[PDB]
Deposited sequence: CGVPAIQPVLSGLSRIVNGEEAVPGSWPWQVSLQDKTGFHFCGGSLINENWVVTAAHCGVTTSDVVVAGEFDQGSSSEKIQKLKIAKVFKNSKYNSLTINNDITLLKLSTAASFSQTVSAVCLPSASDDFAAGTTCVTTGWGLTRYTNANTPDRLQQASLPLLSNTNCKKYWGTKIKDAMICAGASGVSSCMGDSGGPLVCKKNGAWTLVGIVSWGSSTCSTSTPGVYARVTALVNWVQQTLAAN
């Protein structure tokens, strides 16, 4: 996990990613192929995304995709067998914004399709750490870009994030950005990864932020460390 077969070379103001350099990135689409959210593969049978994306078993997980405008590109359209929404998700405060998707048929890992590592509940990723977020969300606050995008951004301390968002920032949230880039419509559920001993680890899940996708305001993500115990328990019981 966390080691791309194809090394990446480093969303508003982001840049085009190297084809297949973020193998855990999946696209969540409806029965017609309409992209509504991103997601991250944590192993061959499970995808982790945001609770607010409202995924159902009628939706599909598309893995190994780079250019959504390419009908030739080889991808994997995985059916969803069951959806596990964290019962703690607060539809009012948006806290505990995480959902797990169990695939009907396992994904066939390869050079362009693999898993991201999960952190330990006790991991501490310091403010200032340069992480990365990826997705097919809008590049300007408007249709989604065809090719997967990426952006490097810094994690922010809770104190610094609150200087802007105040008490809307809850215990299962972590902020990053306000550095010239911003997540935007279509990026939700996607990953915010940072290196842990060299392996890309899921530190956040794109959740919410500026109503205008401003690049000078903190982006908010679901804090995976505060939710990974729930993830592990869900896996073990299913």
- Deposited residues without C-alpha coordinates, grouped into stretches that follow sequence order: 11-15, 147-148
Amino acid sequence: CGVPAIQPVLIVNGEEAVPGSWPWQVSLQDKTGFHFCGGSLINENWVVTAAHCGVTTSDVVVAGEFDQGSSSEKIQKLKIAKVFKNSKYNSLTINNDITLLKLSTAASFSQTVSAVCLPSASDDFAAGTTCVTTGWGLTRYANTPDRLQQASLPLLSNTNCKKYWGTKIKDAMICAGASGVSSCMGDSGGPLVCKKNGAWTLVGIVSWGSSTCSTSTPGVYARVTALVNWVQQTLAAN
From here on, numbers count along this sequence of modelled residues.
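Under this definition, the rigid core comprises the largest set of C-alpha atoms superposing within 1.5 Å between the forms.
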- Stretch with greater C-alpha deviation in 9 other deposited structures of this protein, 182-190 versus 197-205 (rigid core superposition): 182-190
- in 9 other deposited structures of this protein, superposed by the rigid core, which stretch departs further from the shown form in CA positions, 208-216 or 49-57? 208-216
- Query: What about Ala142, is it left unmodelled in a third or more of the other PDB entries we looked at?
  - Reply: yes
- Query: Do the CA atoms of 69-77 or those of 162-170 have the higher mean B-factor in the entry?
  - Reply: 69-77
- Highest Cα B-factor in the deposition, which of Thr93, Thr134, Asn96, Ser104? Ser104
- Top Cα B factor in the deposited entry, candidates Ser179, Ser210, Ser188, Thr201: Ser179
- Message: Using the temperature factors of the C-alpha atoms in this entry, rank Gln149 within its chain: lowest, middle or highest third.
- Response: lowest
- Message: Please say which third, lowest, middle or highest, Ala226 falls into when its CA temperature factor is compared across its chain.
- Response: middle
- Query: Compared with the other modelled residues in the chain, in which third is the CA B-factor of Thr49?
  - Reply: lowest
- B-factor third for the C-alpha atom of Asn197 within its chain: highest
- Message: Which third, lowest, middle or highest, does the C-alpha temperature factor of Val116 belong to within its own chain?
- Response: lowest
